[PDB]
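To keep things clear, I will list the structure first and then write my remarks on it.
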Amino acid sequence: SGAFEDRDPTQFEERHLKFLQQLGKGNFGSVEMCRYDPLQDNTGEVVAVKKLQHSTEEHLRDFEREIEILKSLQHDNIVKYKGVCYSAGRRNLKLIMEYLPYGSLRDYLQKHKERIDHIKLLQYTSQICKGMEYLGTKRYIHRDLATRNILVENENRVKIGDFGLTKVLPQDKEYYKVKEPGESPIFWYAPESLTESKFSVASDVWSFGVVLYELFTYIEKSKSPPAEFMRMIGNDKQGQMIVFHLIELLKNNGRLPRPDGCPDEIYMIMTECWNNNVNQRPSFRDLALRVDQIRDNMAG
Ligand SMILES: O=C(Nc1ccnc(NC(=O)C2CC2)c1)c1c(Cl)cccc1Cl
């Protein structure tokens, strides 16, 4: 036996990370739930563990970029970084984060309407803006805002996750142009992201507007942004034809419809976010203030 000195809590011992459950398998990654049990006493902290399907030089570099980004964020409405695990004898790499019991907001809205009203939706809306205000201070562009990439800790708290697509803005530039292979979340995309692959805080604001739309549809069967845009576009269209028509439609003021039961003031917030003019979209700080004020202005 040997001596031991742990001056790095962000390094998790593969041997002590215990499988509990399989949570998700996306496009490049998958997530499990584990217990970290250094004391071998069958009790430890519960954590979410993300791993790569294929550690290509490119995939790995992205993953490491993603981990640095998460590690650099400390905020109540951003998923907590916990550390990493160099499993397979330190020849593989896994991300250790907080586990959020209720999973994505999208599922939560869907599976727990009994628990959700407009006061909740506003609380969640507010927290997302604040998490987003925080990314801004790091000059991070998330690029993938949607209720599926927001997670529910409990009834009273949601957190932004999914930082795999996040870009850093150089000091002297206000957009990031990213030329990327494969599929895009096109129905969440600002027009300039669609037409020019330009991403910015403003394009995040656009996407946020769509997030706001999703919340007030309560993720109802026919009302998702893809289902609604596809109705407007023609449900039979395929391939690029969908993109062509989406772009043309957005460019000429075609917009998601006000969800049933949704207050005009809230729909108006969506529409301001959905401004073709990039510089005329409100900021996240504008958004959080307006949303908290709407919340505060109620009798209760
Ligand atoms: O990171 C994710 N999901 C998490 C993270 C932490 N905790 C949870 N908690 C749960 O899934 C609970 C419901 C079982 C989910 C995730 C996945 Cl797997 C796919 C796409 C986008 C995202 Cl952000």
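Chain labels follow the order of the structure tokens: the first chain is A, the next B, and so on; residue numbering restarts at 1 in every chain, and ligands are counted from 1 in their shown order.
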
Non-local contacts of region 286-294 of chain A (6 Å; only C-alpha atoms; under 3 positions in same chain excluded) as number ranges by chain: A: 126, 129, 282-283, 297

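Counting only C-alpha atoms, residue 184 (chain A) has the following residues at most 12 Å away, ignoring those fewer than 4 positions along the same chain: residues 27, 143, 144, 165, 178, 179, 180, 188, 189, 190, 193, 194, 197 and 243 of chain A.
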
Shell of 6 Å around region 217-227 of chain A, only C-alpha atoms, local chain residues under 5 positions omitted, as a VMD selection string: chain A and resid 109 to 110 187 259

Given 7 Å and only C-alpha atoms and all ligand atoms, residues near ligand 1 as an MDAnalysis selection string: chainID A and resid 23:26 30:31 48 97:104 148:151 161:162

Residue 256 (chain A) surroundings by only C-alpha atoms, 9 Å radius, close-in-sequence under 2 positions cut, as a list in words: residues 210, 213, 225, 228, 229, 232, 254, 258, 259 and 271 of chain A

Members of region 71-139 of chain A assigned strand (DSSP E or B) by DSSP, as an MDAnalysis selection string: chainID A and resid 78 81:85 94:98 104

Which of region 8-249 of chain A DSSP labels helix (DSSP H, G or I), written as a PyMOL selection string: chain A and resi 14-16+57-71+87-90+105-111+113-115+118-137+147-149+163-165+186-188+191-196+201-217+225-233+240-249

Near-residue 136 (chain A) list (12 Å; only C-alpha atoms; drop same-chain fewer than 3 positions) as a PDB file with C-alpha atoms, in the first residue's frame:
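Output (selection03.pdb):
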```pdb
ATOM      1  CA  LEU A  73     -19.303  28.878 -15.770  1.00  0.00           C
ATOM      2  CA  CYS A 129     -32.512  34.953 -19.530  1.00  0.00           C
ATOM      3  CA  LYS A 130     -30.282  35.315 -16.477  1.00  0.00           C
ATOM      4  CA  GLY A 131     -28.236  32.256 -17.403  1.00  0.00           C
ATOM      5  CA  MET A 132     -28.011  33.729 -20.874  1.00  0.00           C
ATOM      6  CA  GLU A 133     -26.992  37.181 -19.521  1.00  0.00           C
ATOM      7  CA  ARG A 139     -18.712  36.249 -24.669  1.00  0.00           C
ATOM      8  CA  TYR A 140     -20.163  32.764 -25.209  1.00  0.00           C
ATOM      9  CA  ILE A 141     -22.683  32.041 -28.012  1.00  0.00           C
ATOM     10  CA  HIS A 142     -24.690  28.960 -27.091  1.00  0.00           C
ATOM     11  CA  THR A 166     -20.913  27.003 -27.793  1.00  0.00           C
ATOM     12  CA  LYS A 167     -18.576  29.510 -29.481  1.00  0.00           C
ATOM     13  CA  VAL A 168     -16.333  32.196 -27.965  1.00  0.00           C
ATOM     14  CA  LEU A 169     -16.402  35.686 -29.482  1.00  0.00           C
ATOM     15  CA  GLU A 174     -19.709  40.524 -32.646  1.00  0.00           C
ATOM     16  CA  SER A 200     -24.244  35.953 -32.062  1.00  0.00           C
ATOM     17  CA  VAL A 201     -25.912  36.986 -28.819  1.00  0.00           C
ATOM     18  CA  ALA A 202     -28.666  38.307 -31.067  1.00  0.00           C
ATOM     19  CA  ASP A 204     -29.367  33.420 -29.190  1.00  0.00           C
ATOM     20  CA  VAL A 205     -32.062  35.974 -28.407  1.00  0.00           C
ATOM     21  CA  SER A 283     -30.871  42.073 -24.972  1.00  0.00           C
ATOM     22  CA  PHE A 284     -31.194  39.278 -22.381  1.00  0.00           C
ATOM     23  CA  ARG A 285     -30.916  41.911 -19.629  1.00  0.00           C
TER      24      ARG A 285
END
```
